[PDB]
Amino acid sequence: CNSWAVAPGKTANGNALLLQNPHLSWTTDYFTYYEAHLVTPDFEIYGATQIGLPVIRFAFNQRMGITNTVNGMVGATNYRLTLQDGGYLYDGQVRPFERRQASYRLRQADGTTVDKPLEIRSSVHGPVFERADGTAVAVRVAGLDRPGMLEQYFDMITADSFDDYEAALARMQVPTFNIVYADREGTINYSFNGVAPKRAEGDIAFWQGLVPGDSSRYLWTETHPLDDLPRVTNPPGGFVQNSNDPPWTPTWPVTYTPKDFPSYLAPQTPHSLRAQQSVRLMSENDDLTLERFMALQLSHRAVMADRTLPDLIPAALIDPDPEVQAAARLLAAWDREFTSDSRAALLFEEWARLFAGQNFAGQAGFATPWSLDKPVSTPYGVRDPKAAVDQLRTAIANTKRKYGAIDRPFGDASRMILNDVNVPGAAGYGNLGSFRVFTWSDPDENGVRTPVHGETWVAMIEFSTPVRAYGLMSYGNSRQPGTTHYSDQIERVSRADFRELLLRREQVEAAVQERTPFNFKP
């Protein structure tokens, strides 16, 4: 996911800008987004939300808007139990489980059901599961006493002011997510949100692993209020952002550092090249217009190539294999953009898969390591160029195996295909530096691949009066069999041709193609 909010002072017209840009699976059902517009006499909300949710999580209106990104808030603990004498060891004593006899029905191949018993055991930590390898694990989830999740979102998105928004947010009923806010009065805000247990010791990695389940030492009971969490409001730099990076460069210059917060809230790991581009694209640009904001969102730079090709290319040209030399010259002539017509991009990805792992997040290959002191210009360089050239040799073979040649156009292999619509792809993997994201699948037998994850709902809003907003939904507004509204936006996505989002009654009345009167009686 990406998120940007821009203060008035950083824009040409003097109105805040907001980007909504979540990245999730294109197929997982509960991750499907749906666009809609609700209007009553007392509120108005426009935007996207996961199907089945009755409130819009990615909302805006004439006054304000929010967006969300995944922050991985560590709101649960998995505890390793030590089993002993039919109970579990805890503070030097054996303690018996709570146990309940439940049951459920299981449908059989012939349409009937059988009754299946299900024992539910619990320790003081929580419900107990047995892993395949025999490890007994109790899971303890925070915020089970927070019934107001949906209402909190609803009050946040209909807030009459920033003060009303923050009081809603402060209820701590939404257990995770980074949340970014902007409004027509000029306020912008980033909050690292969620329900995080107060602990006395241990960093994030310790609390992400199996915590010992044999002691009250590690049994947390309380959680952090909103003002214990990383937040930024109207910073000197005039913007906030988050692209799933840890919350340590949400703006530039920064307003806090990792020492200001307990070490279990968020990782201190290298920021992804996409997250580095996010900071650069906002910080380096001033006097922003909506049009420019939208152009910057299409950024699809192979930043990883900028960090490696200067060392890789000369090293590869030393090699006696003429195919490696030719690969080197193909990469050297590349403008390092993930465009449809790029002949070098696929080959570059296959090299990066080896150099930085299959997820492209590996750090061991670089000469200069990542540092928070140079958060948007490290890591850099190739540590062992001879080894890297051997990786290129393998990647050449991999590229020909997968795609048929080392120089097949990126957009001929990378396609966006829904029903009978088939259009050329551009942009790519976030961890390679592409800001706009299409996480391409492994290729089929003809070398054709499509996005499994990436751009879904994409909207950009200027809080002028009236507001002006544009957006697209990659996979349409419907997935019901036979709908004409699954594949009808993807061609526009392939050209970055955004729809004007229509909030004013008069605009809606000009665009209407179907009218459903309804009436509700409780």
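Counting begins at 1, following the sequence as shown.
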Check the entry's C-alpha temperature factors for 132 to 140 and 410 to 418, then say which stretch has the higher mean. 132 to 140
Between the two ranges 238 to 246 and 220 to 228, the one averaging a larger CA B factor in the entry: 220 to 228
Taking the values straight from the PDB record, which of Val180, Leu265, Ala426, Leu298 has the highest C-alpha temperature factor? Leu265
When the CA B-factors of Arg99, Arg171, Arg449, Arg436 are compared as recorded in the entry, which is the largest? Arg99
Just say lowest, middle or highest third for the CA B-factor of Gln20 relative to the other modelled residues in its chain. lowest
Using the temperature factors of the C-alpha atoms in this entry, rank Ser103 within its chain: lowest, middle or highest third. highest
Please place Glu151 in the lowest, middle or highest third of its chain according to the CA B-factor in the PDB entry. lowest
Of the three thirds of its chain by CA temperature factor, lowest, middle or highest, which one includes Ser215? highest
Position of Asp42 among the chain's modelled residues by C-alpha B-factor, lowest, middle or highest third: highest
